[PDB]
file model-v1.pdb (PDB, C-alpha atoms)
ATOM      1  CA  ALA P  61      92.696 106.281  93.893  1.00  0.00           C
ATOM      2  CA  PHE P  62      94.806 103.761  95.836  1.00  0.00           C
ATOM      3  CA  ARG P  63      95.852 101.624  92.955  1.00  0.00           C
ATOM      4  CA  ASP P  64      99.269 103.250  92.520  1.00  0.00           C
ATOM      5  CA  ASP P  65      99.638 103.660  96.300  1.00  0.00           C
ATOM      6  CA  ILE P  66      99.204  99.874  96.407  1.00  0.00           C
ATOM      7  CA  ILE P  67     101.700  98.995  93.667  1.00  0.00           C
ATOM      8  CA  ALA P  68     104.155 101.480  95.178  1.00  0.00           C
ATOM      9  CA  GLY P  69     103.967  99.736  98.564  1.00  0.00           C
ATOM     10  CA  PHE P  70     105.151  96.491  96.964  1.00  0.00           C
ATOM     11  CA  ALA P  71     108.680  97.765  96.279  1.00  0.00           C
ATOM     12  CA  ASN P  72     109.269  98.702  99.912  1.00  0.00           C
ATOM     13  CA  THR P  73     108.380  95.648 101.986  1.00  0.00           C
ATOM     14  CA  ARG P  74     109.400  92.004 102.168  1.00  0.00           C
ATOM     15  CA  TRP P  75     106.828  89.906 104.031  1.00  0.00           C
ATOM     16  CA  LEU P  76     108.025  87.152 106.339  1.00  0.00           C
ATOM     17  CA  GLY P  77     104.938  85.563 107.905  1.00  0.00           C
ATOM     18  CA  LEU P  78     101.396  85.794 109.233  1.00  0.00           C
ATOM     19  CA  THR P  79     100.166  84.610 112.632  1.00  0.00           C
ATOM     20  CA  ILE P  80      96.471  84.863 113.477  1.00  0.00           C
ATOM     21  CA  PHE P  81      95.768  84.834 117.192  1.00  0.00           C
ATOM     22  CA  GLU P  82      92.122  85.994 117.456  1.00  0.00           C
ATOM     23  CA  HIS P  83      89.044  85.869 115.210  1.00  0.00           C
ATOM     24  CA  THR P  84      85.326  86.646 115.721  1.00  0.00           C
ATOM     25  CA  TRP P  85      82.404  87.216 113.384  1.00  0.00           C
ATOM     26  CA  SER P  86      78.642  87.014 113.478  1.00  0.00           C
ATOM     27  CA  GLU P  87      75.921  86.751 110.848  1.00  0.00           C
ATOM     28  CA  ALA P  88      73.650  89.200 112.656  1.00  0.00           C
ATOM     29  CA  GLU P  89      76.308  91.914 112.718  1.00  0.00           C
ATOM     30  CA  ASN P  90      77.672  91.388 109.196  1.00  0.00           C
ATOM     31  CA  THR P  91      80.962  92.179 110.903  1.00  0.00           C
ATOM     32  CA  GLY P  92      84.010  90.320 112.106  1.00  0.00           C
ATOM     33  CA  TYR P  93      87.563  90.932 113.264  1.00  0.00           C
ATOM     34  CA  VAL P  94      90.957  89.259 112.767  1.00  0.00           C
ATOM     35  CA  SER P  95      93.903  89.980 115.068  1.00  0.00           C
ATOM     36  CA  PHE P  96      97.291  89.158 113.617  1.00  0.00           C
ATOM     37  CA  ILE P  97     101.067  89.587 113.608  1.00  0.00           C
ATOM     38  CA  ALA P  98     102.521  90.207 110.142  1.00  0.00           C
ATOM     39  CA  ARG P  99     106.318  90.104 110.065  1.00  0.00           C
ATOM     40  CA  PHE P 100     108.277  91.947 107.411  1.00  0.00           C
ATOM     41  CA  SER P 101     111.497  93.678 106.524  1.00  0.00           C
ATOM     42  CA  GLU P 102     111.990  97.088 104.941  1.00  0.00           C
ATOM     43  CA  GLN P 103     115.354  98.480 103.815  1.00  0.00           C
ATOM     44  CA  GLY P 104     117.017  95.550 105.590  1.00  0.00           C
ATOM     45  CA  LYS P 105     115.363  96.018 109.018  1.00  0.00           C
ATOM     46  CA  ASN P 106     112.964  93.507 110.589  1.00  0.00           C
ATOM     47  CA  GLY P 107     109.687  94.722 112.120  1.00  0.00           C
ATOM     48  CA  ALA P 108     106.215  93.429 112.960  1.00  0.00           C
ATOM     49  CA  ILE P 109     102.655  94.669 112.501  1.00  0.00           C
ATOM     50  CA  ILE P 110     100.231  93.848 115.300  1.00  0.00           C
ATOM     51  CA  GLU P 111      96.707  94.754 114.241  1.00  0.00           C
ATOM     52  CA  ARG P 112      93.028  93.814 114.598  1.00  0.00           C
ATOM     53  CA  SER P 113      91.451  94.342 111.191  1.00  0.00           C
ATOM     54  CA  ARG P 114      87.701  94.736 110.799  1.00  0.00           C
ATOM     55  CA  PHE P 115      85.791  93.159 107.948  1.00  0.00           C
ATOM     56  CA  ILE P 116      82.164  93.539 107.010  1.00  0.00           C
ATOM     57  CA  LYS P 117      79.813  91.571 104.788  1.00  0.00           C
ATOM     58  CA  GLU P 118      77.985  92.880 101.709  1.00  0.00           C
ATOM     59  CA  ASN P 119      75.766  90.644  99.572  1.00  0.00           C
ATOM     60  CA  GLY P 120      75.745  86.903  98.936  1.00  0.00           C
TER      61      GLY P 120
ATOM     62  CA  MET S   1     108.012  69.765  95.009  1.00  0.00           C
ATOM     63  CA  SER S   2     105.144  72.131  95.659  1.00  0.00           C
ATOM     64  CA  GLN S   3     103.836  75.362  96.999  1.00  0.00           C
ATOM     65  CA  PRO S   4     102.551  75.673 100.560  1.00  0.00           C
ATOM     66  CA  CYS S   5     100.345  78.724 100.943  1.00  0.00           C
ATOM     67  CA  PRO S   6     102.037  81.909 102.165  1.00  0.00           C
ATOM     68  CA  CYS S   7      98.777  81.855 104.359  1.00  0.00           C
ATOM     69  CA  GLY S   8     101.027  79.845 106.624  1.00  0.00           C
ATOM     70  CA  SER S   9      98.235  77.248 106.639  1.00  0.00           C
ATOM     71  CA  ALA S  10     100.403  74.328 105.377  1.00  0.00           C
ATOM     72  CA  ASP S  11      98.025  73.734 102.456  1.00  0.00           C
ATOM     73  CA  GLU S  12      98.951  74.030  98.805  1.00  0.00           C
ATOM     74  CA  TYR S  13      98.541  77.644  97.710  1.00  0.00           C
ATOM     75  CA  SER S  14      96.160  76.604  94.909  1.00  0.00           C
ATOM     76  CA  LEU S  15      93.937  74.937  97.545  1.00  0.00           C
ATOM     77  CA  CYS S  16      94.261  77.629 100.286  1.00  0.00           C
ATOM     78  CA  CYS S  17      94.387  81.330  99.453  1.00  0.00           C
ATOM     79  CA  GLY S  18      94.782  80.793  95.685  1.00  0.00           C
ATOM     80  CA  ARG S  19      91.199  79.640  95.126  1.00  0.00           C
ATOM     81  CA  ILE S  20      89.989  82.891  96.688  1.00  0.00           C
ATOM     82  CA  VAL S  21      92.393  85.207  94.887  1.00  0.00           C
ATOM     83  CA  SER S  22      91.462  83.604  91.551  1.00  0.00           C
ATOM     84  CA  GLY S  23      87.757  84.316  92.098  1.00  0.00           C
ATOM     85  CA  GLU S  24      86.907  80.612  92.075  1.00  0.00           C
ATOM     86  CA  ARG S  25      85.837  80.474  95.743  1.00  0.00           C
ATOM     87  CA  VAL S  26      84.078  83.098  97.854  1.00  0.00           C
ATOM     88  CA  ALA S  27      85.933  83.635 101.123  1.00  0.00           C
ATOM     89  CA  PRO S  28      83.735  81.978 103.788  1.00  0.00           C
ATOM     90  CA  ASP S  29      84.743  84.150 106.759  1.00  0.00           C
ATOM     91  CA  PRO S  30      86.955  87.127 107.700  1.00  0.00           C
ATOM     92  CA  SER S  31      89.872  84.871 108.690  1.00  0.00           C
ATOM     93  CA  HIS S  32      90.045  83.394 105.192  1.00  0.00           C
ATOM     94  CA  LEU S  33      89.739  86.880 103.686  1.00  0.00           C
ATOM     95  CA  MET S  34      92.568  88.203 105.851  1.00  0.00           C
ATOM     96  CA  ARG S  35      94.793  85.306 104.818  1.00  0.00           C
ATOM     97  CA  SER S  36      93.996  85.863 101.152  1.00  0.00           C
ATOM     98  CA  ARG S  37      94.805  89.586 101.294  1.00  0.00           C
ATOM     99  CA  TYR S  38      98.100  88.836 103.032  1.00  0.00           C
ATOM    100  CA  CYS S  39      98.850  86.503 100.112  1.00  0.00           C
ATOM    101  CA  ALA S  40      97.975  89.229  97.608  1.00  0.00           C
ATOM    102  CA  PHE S  41     100.475  91.493  99.381  1.00  0.00           C
ATOM    103  CA  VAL S  42     103.127  88.759  99.195  1.00  0.00           C
ATOM    104  CA  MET S  43     102.238  88.023  95.555  1.00  0.00           C
ATOM    105  CA  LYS S  44     101.974  91.746  94.668  1.00  0.00           C
ATOM    106  CA  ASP S  45      98.448  91.253  93.259  1.00  0.00           C
ATOM    107  CA  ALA S  46      97.054  94.802  93.437  1.00  0.00           C
ATOM    108  CA  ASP S  47      93.817  93.881  91.648  1.00  0.00           C
ATOM    109  CA  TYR S  48      92.766  91.339  94.277  1.00  0.00           C
ATOM    110  CA  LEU S  49      93.457  93.860  97.043  1.00  0.00           C
ATOM    111  CA  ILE S  50      91.298  96.414  95.273  1.00  0.00           C
ATOM    112  CA  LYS S  51      88.526  93.848  94.765  1.00  0.00           C
ATOM    113  CA  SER S  52      88.516  92.786  98.446  1.00  0.00           C
ATOM    114  CA  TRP S  53      88.506  96.365  99.787  1.00  0.00           C
ATOM    115  CA  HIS S  54      85.073  97.582 100.917  1.00  0.00           C
ATOM    116  CA  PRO S  55      83.522  99.567  98.030  1.00  0.00           C
ATOM    117  CA  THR S  56      83.094 102.819  99.979  1.00  0.00           C
ATOM    118  CA  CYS S  57      86.874 103.123 100.312  1.00  0.00           C
ATOM    119  CA  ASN S  58      87.164 103.601  96.539  1.00  0.00           C
ATOM    120  CA  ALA S  59      90.295 101.434  96.288  1.00  0.00           C
ATOM    121  CA  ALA S  60      90.447 101.441  92.433  1.00  0.00           C
TER     122      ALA S  60
ATOM    123  CA  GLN C 121      81.038  88.398 100.572  1.00  0.00           C
ATOM    124  CA  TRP C 122      83.450  89.912 103.105  1.00  0.00           C
ATOM    125  CA  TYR C 123      85.397  93.150 102.590  1.00  0.00           C
ATOM    126  CA  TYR C 124      88.260  94.748 104.475  1.00  0.00           C
ATOM    127  CA  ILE C 125      87.374  98.191 105.876  1.00  0.00           C
ATOM    128  CA  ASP C 126      89.691  99.397 108.684  1.00  0.00           C
ATOM    129  CA  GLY C 127      91.531  98.293 111.812  1.00  0.00           C
ATOM    130  CA  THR C 128      92.955  99.169 115.212  1.00  0.00           C
ATOM    131  CA  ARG C 129      96.063  98.203 117.181  1.00  0.00           C
ATOM    132  CA  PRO C 130      94.763  96.039 120.065  1.00  0.00           C
ATOM    133  CA  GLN C 131      95.927  96.905 123.577  1.00  0.00           C
ATOM    134  CA  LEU C 132      98.505  94.362 124.787  1.00  0.00           C
ATOM    135  CA  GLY C 133     100.893  95.018 127.666  1.00  0.00           C
ATOM    136  CA  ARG C 134     104.644  94.710 127.325  1.00  0.00           C
ATOM    137  CA  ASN C 135     105.118  91.849 129.831  1.00  0.00           C
ATOM    138  CA  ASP C 136     102.198  89.670 128.679  1.00  0.00           C
ATOM    139  CA  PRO C 137     102.747  86.380 126.806  1.00  0.00           C
ATOM    140  CA  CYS C 138     103.502  87.410 123.232  1.00  0.00           C
ATOM    141  CA  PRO C 139     100.713  86.431 120.780  1.00  0.00           C
ATOM    142  CA  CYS C 140     103.537  84.996 118.621  1.00  0.00           C
ATOM    143  CA  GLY C 141     103.489  82.067 121.071  1.00  0.00           C
ATOM    144  CA  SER C 142     107.260  82.527 121.565  1.00  0.00           C
ATOM    145  CA  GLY C 143     106.721  82.194 125.342  1.00  0.00           C
ATOM    146  CA  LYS C 144     108.724  85.405 125.861  1.00  0.00           C
ATOM    147  CA  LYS C 145     107.111  88.723 126.780  1.00  0.00           C
ATOM    148  CA  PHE C 146     105.488  91.121 124.326  1.00  0.00           C
ATOM    149  CA  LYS C 147     108.383  93.593 124.777  1.00  0.00           C
ATOM    150  CA  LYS C 148     110.750  90.693 123.893  1.00  0.00           C
ATOM    151  CA  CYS C 149     109.175  88.625 121.095  1.00  0.00           C
ATOM    152  CA  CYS C 150     107.718  90.925 118.402  1.00  0.00           C
ATOM    153  CA  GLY C 151     106.549  94.085 120.215  1.00  0.00           C
ATOM    154  CA  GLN C 152     109.901  95.679 121.082  1.00  0.00           C
TER     155      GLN C 152
END

call {"tool": "encode", "arguments": {"input": "model-v1.pdb", "output": "structure tokens"}}
result
Amino acid sequence: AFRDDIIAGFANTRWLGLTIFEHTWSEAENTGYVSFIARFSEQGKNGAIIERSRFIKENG
Amino acid sequence: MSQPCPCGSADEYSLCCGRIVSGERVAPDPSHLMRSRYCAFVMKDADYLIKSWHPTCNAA
Amino acid sequence: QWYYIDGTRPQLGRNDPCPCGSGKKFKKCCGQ
């Protein structure tokens, strides 16, 4: 499904750093969030992802 | 000389994100998971990304 | 065990202190 999407995305990006600036989670929600800046370069141009990813807990 | 984690955490990779990518340590919170997936992007480890994607997304 | 699922792009104005900590504004540091 994604697996070749994922490998294919490796050739195109050079990662330059990760900065986490917000984080929350809670046992009762089985949910948490991570806000971050991920710096990269693609085809010689610098750029930056700013994103709040959501994670959830299953099992354990 | 050694190998500070691409986490950016200033720990050895084998003691930061590497323990999680290897399957030896369960990621204790979303922040650690986020760091470890950023590493897998840096290290072009597609299998760890698949394994840390929520199962309903069908990452395989 | 935690799993990634999705994400959003959090609202942050262009003049605010950049989350990069660079001191500069958001429209200066990393959110051009």

call {"tool": "atom_distance", "arguments": {"input": "model-v1.pdb", "atom1": "atom CA of residue S:46", "atom2": "atom CA of residue S:20"}}
result
14.2 Å

call {"tool": "atom_distance", "arguments": {"input": "model-v1.pdb", "atom1": "atom CA of residue P:102", "atom2": "atom CA of residue S:57"}}
result
26.2 Å

call {"tool": "resolve_selection", "arguments": {"input": "model-v1.pdb", "expression": "the PyMOL selection byres ((chain P) within 12 of (chain C))", "output": "PyMOL selection string"}}
result
chain P and resi 77-82+85-87+90-100+106-120

call {"tool": "write_last_selection", "arguments": {"input": "model-v1.pdb", "atoms": "C-alpha atoms", "output": "mmCIF file, in the frame of the given file"}}
result
data_model
loop_
_atom_site.group_PDB
_atom_site.id
_atom_site.type_symbol
_atom_site.label_atom_id
_atom_site.label_comp_id
_atom_site.auth_asym_id
_atom_site.auth_seq_id
_atom_site.Cartn_x
_atom_site.Cartn_y
_atom_site.Cartn_z
ATOM 1 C CA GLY P 77 104.938 85.563 107.905
ATOM 2 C CA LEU P 78 101.396 85.794 109.233
ATOM 3 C CA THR P 79 100.166 84.610 112.632
ATOM 4 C CA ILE P 80 96.471 84.863 113.477
ATOM 5 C CA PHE P 81 95.768 84.834 117.192
ATOM 6 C CA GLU P 82 92.122 85.994 117.456
ATOM 7 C CA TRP P 85 82.404 87.216 113.384
ATOM 8 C CA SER P 86 78.642 87.014 113.478
ATOM 9 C CA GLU P 87 75.921 86.751 110.848
ATOM 10 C CA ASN P 90 77.672 91.388 109.196
ATOM 11 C CA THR P 91 80.962 92.179 110.903
ATOM 12 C CA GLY P 92 84.010 90.320 112.106
ATOM 13 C CA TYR P 93 87.563 90.932 113.264
ATOM 14 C CA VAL P 94 90.957 89.259 112.767
ATOM 15 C CA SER P 95 93.903 89.980 115.068
ATOM 16 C CA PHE P 96 97.291 89.158 113.617
ATOM 17 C CA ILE P 97 101.067 89.587 113.608
ATOM 18 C CA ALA P 98 102.521 90.207 110.142
ATOM 19 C CA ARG P 99 106.318 90.104 110.065
ATOM 20 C CA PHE P 100 108.277 91.947 107.411
ATOM 21 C CA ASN P 106 112.964 93.507 110.589
ATOM 22 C CA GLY P 107 109.687 94.722 112.120
ATOM 23 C CA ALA P 108 106.215 93.429 112.960
ATOM 24 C CA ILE P 109 102.655 94.669 112.501
ATOM 25 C CA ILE P 110 100.231 93.848 115.300
ATOM 26 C CA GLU P 111 96.707 94.754 114.241
ATOM 27 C CA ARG P 112 93.028 93.814 114.598
ATOM 28 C CA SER P 113 91.451 94.342 111.191
ATOM 29 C CA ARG P 114 87.701 94.736 110.799
ATOM 30 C CA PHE P 115 85.791 93.159 107.948
ATOM 31 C CA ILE P 116 82.164 93.539 107.010
ATOM 32 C CA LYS P 117 79.813 91.571 104.788
ATOM 33 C CA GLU P 118 77.985 92.880 101.709
ATOM 34 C CA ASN P 119 75.766 90.644 99.572
ATOM 35 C CA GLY P 120 75.745 86.903 98.936
#

call {"tool": "atom_distance", "arguments": {"input": "model-v1.pdb", "atom1": "atom CA of residue S:30", "atom2": "atom CA of residue C:144"}}
result
28.4 Å

call {"tool": "interface_residues", "arguments": {"input": "model-v1.pdb", "of": "chain S", "to": "chain C", "cutoff": "9 Å", "atoms": "all atoms listed in the file", "output": "short mmCIF file (atom, residue, chain, number, x, y, z; two decimals) with C-alpha atoms, in the coordinates of the input"}}
result
data_model
loop_
_atom_site.label_atom_id
_atom_site.label_comp_id
_atom_site.auth_asym_id
_atom_site.auth_seq_id
_atom_site.Cartn_x
_atom_site.Cartn_y
_atom_site.Cartn_z
CA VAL S 26 84.08 83.10 97.85
CA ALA S 27 85.93 83.64 101.12
CA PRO S 28 83.74 81.98 103.79
CA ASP S 29 84.74 84.15 106.76
CA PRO S 30 86.96 87.13 107.70
CA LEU S 33 89.74 86.88 103.69
CA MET S 34 92.57 88.20 105.85
CA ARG S 37 94.80 89.59 101.29
CA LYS S 51 88.53 93.85 94.76
CA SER S 52 88.52 92.79 98.45
CA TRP S 53 88.51 96.36 99.79
CA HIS S 54 85.07 97.58 100.92
CA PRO S 55 83.52 99.57 98.03
CA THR S 56 83.09 102.82 99.98
CA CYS S 57 86.87 103.12 100.31
#

call {"tool": "closest_atom_pairs", "arguments": {"input": "model-v1.pdb", "of": "chain P", "to": "stretch 40-44 of chain S", "cutoff": "8 Å", "atoms": "only C-alpha atoms", "output": "tab-separated table"}}
result
residue	atom	partner	partner_atom	distance
P:67	CA	S:44	CA	7.3
P:70	CA	S:44	CA	6.2
P:74	CA	S:42	CA	7.7
P:75	CA	S:42	CA	6.2

call {"tool": "write_last_selection", "arguments": {"input": "model-v1.pdb", "atoms": "C-alpha atoms", "output": "PDB file, in the coordinates of the input"}}
result
ATOM      1  CA  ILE P  67     101.700  98.995  93.667  1.00  0.00           C
ATOM      2  CA  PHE P  70     105.151  96.491  96.964  1.00  0.00           C
ATOM      3  CA  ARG P  74     109.400  92.004 102.168  1.00  0.00           C
ATOM      4  CA  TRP P  75     106.828  89.906 104.031  1.00  0.00           C
TER       5      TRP P  75
END

call {"tool": "residues_around", "arguments": {"input": "model-v1.pdb", "residues": "residue P:72", "least_positions_apart": "3", "cutoff": "9 Å", "atoms": "all atoms listed in the file", "output": "ChimeraX atom specification"}}
result
/P:68-69,101-103

call {"tool": "interface_residues", "arguments": {"input": "model-v1.pdb", "of": "chain P", "to": "chain S", "cutoff": "6 Å", "atoms": "all atoms listed in the file", "output": "PyMOL selection string"}}
result
chain P and resi 61-63

call {"tool": "residues_around", "arguments": {"input": "model-v1.pdb", "residues": "residue C:145", "least_positions_apart": "3", "cutoff": "8 Å", "atoms": "only C-alpha atoms", "output": "PyMOL selection string"}}
result
chain C and resi 134-138+148-149

call {"tool": "write_last_selection", "arguments": {"input": "model-v1.pdb", "atoms": "C-alpha atoms", "output": "PDB file, keeping the file's coordinate frame"}}
result
ATOM      1  CA  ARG C 134     104.644  94.710 127.325  1.00  0.00           C
ATOM      2  CA  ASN C 135     105.118  91.849 129.831  1.00  0.00           C
ATOM      3  CA  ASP C 136     102.198  89.670 128.679  1.00  0.00           C
ATOM      4  CA  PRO C 137     102.747  86.380 126.806  1.00  0.00           C
ATOM      5  CA  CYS C 138     103.502  87.410 123.232  1.00  0.00           C
ATOM      6  CA  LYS C 148     110.750  90.693 123.893  1.00  0.00           C
ATOM      7  CA  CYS C 149     109.175  88.625 121.095  1.00  0.00           C
TER       8      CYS C 149
END

call {"tool": "build_atoms", "arguments": {"input": "model-v1.pdb", "residues": "stretch 61-86 of chain P", "atoms": "N, CA, C and O atoms", "output": "mmCIF file, in the frame of the given file"}}
result
data_model
loop_
_atom_site.group_PDB
_atom_site.id
_atom_site.type_symbol
_atom_site.label_atom_id
_atom_site.label_comp_id
_atom_site.auth_asym_id
_atom_site.auth_seq_id
_atom_site.Cartn_x
_atom_site.Cartn_y
_atom_site.Cartn_z
ATOM 1 N N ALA P 61 92.694 105.762 92.535
ATOM 2 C CA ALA P 61 92.696 106.281 93.893
ATOM 3 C C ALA P 61 93.840 105.651 94.688
ATOM 4 O O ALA P 61 94.876 106.298 94.870
ATOM 5 N N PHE P 62 93.684 104.411 95.164
ATOM 6 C CA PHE P 62 94.806 103.761 95.836
ATOM 7 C C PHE P 62 95.713 103.039 94.887
ATOM 8 O O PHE P 62 96.799 102.641 95.307
ATOM 9 N N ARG P 63 95.229 102.710 93.692
ATOM 10 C CA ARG P 63 95.852 101.624 92.955
ATOM 11 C C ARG P 63 97.362 101.797 92.872
ATOM 12 O O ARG P 63 98.113 100.849 93.128
ATOM 13 N N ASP P 64 97.830 103.021 92.594
ATOM 14 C CA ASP P 64 99.269 103.250 92.520
ATOM 15 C C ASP P 64 99.913 103.335 93.904
ATOM 16 O O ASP P 64 101.069 102.932 94.060
ATOM 17 N N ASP P 65 99.200 103.849 94.915
ATOM 18 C CA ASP P 65 99.638 103.660 96.300
ATOM 19 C C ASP P 65 99.934 102.192 96.586
ATOM 20 O O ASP P 65 100.908 101.867 97.274
ATOM 21 N N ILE P 66 99.077 101.293 96.090
ATOM 22 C CA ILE P 66 99.204 99.874 96.407
ATOM 23 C C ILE P 66 100.423 99.282 95.713
ATOM 24 O O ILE P 66 101.268 98.643 96.349
ATOM 25 N N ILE P 67 100.520 99.467 94.392
ATOM 26 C CA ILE P 67 101.700 98.995 93.667
ATOM 27 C C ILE P 67 102.965 99.555 94.299
ATOM 28 O O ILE P 67 103.932 98.823 94.531
ATOM 29 N N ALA P 68 102.947 100.841 94.662
ATOM 30 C CA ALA P 68 104.155 101.480 95.178
ATOM 31 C C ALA P 68 104.595 100.855 96.493
ATOM 32 O O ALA P 68 105.796 100.775 96.779
ATOM 33 N N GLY P 69 103.638 100.395 97.306
ATOM 34 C CA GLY P 69 103.967 99.736 98.564
ATOM 35 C C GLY P 69 104.601 98.366 98.402
ATOM 36 O O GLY P 69 105.168 97.834 99.364
ATOM 37 N N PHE P 70 104.523 97.787 97.204
ATOM 38 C CA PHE P 70 105.151 96.491 96.964
ATOM 39 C C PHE P 70 106.674 96.594 96.991
ATOM 40 O O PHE P 70 107.350 95.753 97.593
ATOM 41 N N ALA P 71 107.231 97.636 96.372
ATOM 42 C CA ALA P 71 108.680 97.765 96.279
ATOM 43 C C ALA P 71 109.357 97.905 97.636
ATOM 44 O O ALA P 71 110.559 97.649 97.746
ATOM 45 N N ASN P 72 108.626 98.287 98.676
ATOM 46 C CA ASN P 72 109.269 98.702 99.912
ATOM 47 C C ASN P 72 109.262 97.651 101.011
ATOM 48 O O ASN P 72 109.945 97.840 102.023
ATOM 49 N N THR P 73 108.522 96.560 100.864
ATOM 50 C CA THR P 73 108.380 95.648 101.986
ATOM 51 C C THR P 73 108.574 94.209 101.531
ATOM 52 O O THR P 73 108.182 93.821 100.427
ATOM 53 N N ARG P 74 109.222 93.430 102.383
ATOM 54 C CA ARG P 74 109.400 92.004 102.168
ATOM 55 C C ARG P 74 108.699 91.291 103.316
ATOM 56 O O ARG P 74 109.071 91.477 104.480
ATOM 57 N N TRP P 75 107.663 90.510 102.998
ATOM 58 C CA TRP P 75 106.828 89.906 104.031
ATOM 59 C C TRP P 75 107.401 88.565 104.462
ATOM 60 O O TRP P 75 107.862 87.777 103.632
ATOM 61 N N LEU P 76 107.349 88.302 105.767
ATOM 62 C CA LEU P 76 108.025 87.152 106.339
ATOM 63 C C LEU P 76 107.118 86.205 107.117
ATOM 64 O O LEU P 76 107.606 85.164 107.586
ATOM 65 N N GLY P 77 105.835 86.515 107.277
ATOM 66 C CA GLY P 77 104.938 85.563 107.905
ATOM 67 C C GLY P 77 103.723 86.214 108.522
ATOM 68 O O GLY P 77 103.700 87.407 108.832
ATOM 69 N N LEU P 78 102.695 85.387 108.715
ATOM 70 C CA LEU P 78 101.396 85.794 109.233
ATOM 71 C C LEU P 78 100.967 84.836 110.332
ATOM 72 O O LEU P 78 100.909 83.622 110.119
ATOM 73 N N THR P 79 100.659 85.385 111.501
ATOM 74 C CA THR P 79 100.166 84.610 112.632
ATOM 75 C C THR P 79 98.840 85.204 113.089
ATOM 76 O O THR P 79 98.781 86.369 113.495
ATOM 77 N N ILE P 80 97.784 84.416 113.034
ATOM 78 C CA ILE P 80 96.471 84.863 113.477
ATOM 79 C C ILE P 80 96.260 84.347 114.889
ATOM 80 O O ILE P 80 96.482 83.164 115.167
ATOM 81 N N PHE P 81 95.918 85.243 115.807
ATOM 82 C CA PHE P 81 95.768 84.834 117.192
ATOM 83 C C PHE P 81 94.412 85.172 117.785
ATOM 84 O O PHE P 81 94.201 84.881 118.959
ATOM 85 N N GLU P 82 93.499 85.773 117.021
ATOM 86 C CA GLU P 82 92.122 85.994 117.456
ATOM 87 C C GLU P 82 91.250 86.244 116.230
ATOM 88 O O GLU P 82 91.694 86.853 115.250
ATOM 89 N N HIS P 83 89.993 85.793 116.316
ATOM 90 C CA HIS P 83 89.044 85.869 115.210
ATOM 91 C C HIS P 83 87.624 85.761 115.762
ATOM 92 O O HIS P 83 87.336 84.844 116.534
ATOM 93 N N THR P 84 86.751 86.715 115.405
ATOM 94 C CA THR P 84 85.326 86.646 115.721
ATOM 95 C C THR P 84 84.514 87.213 114.565
ATOM 96 O O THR P 84 84.933 88.166 113.907
ATOM 97 N N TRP P 85 83.349 86.634 114.325
ATOM 98 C CA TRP P 85 82.404 87.216 113.384
ATOM 99 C C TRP P 85 81.020 86.741 113.769
ATOM 100 O O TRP P 85 80.862 85.822 114.577
ATOM 101 N N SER P 86 80.018 87.348 113.147
ATOM 102 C CA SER P 86 78.642 87.014 113.478
ATOM 103 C C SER P 86 77.757 87.388 112.303
ATOM 104 O O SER P 86 77.904 88.472 111.731
#
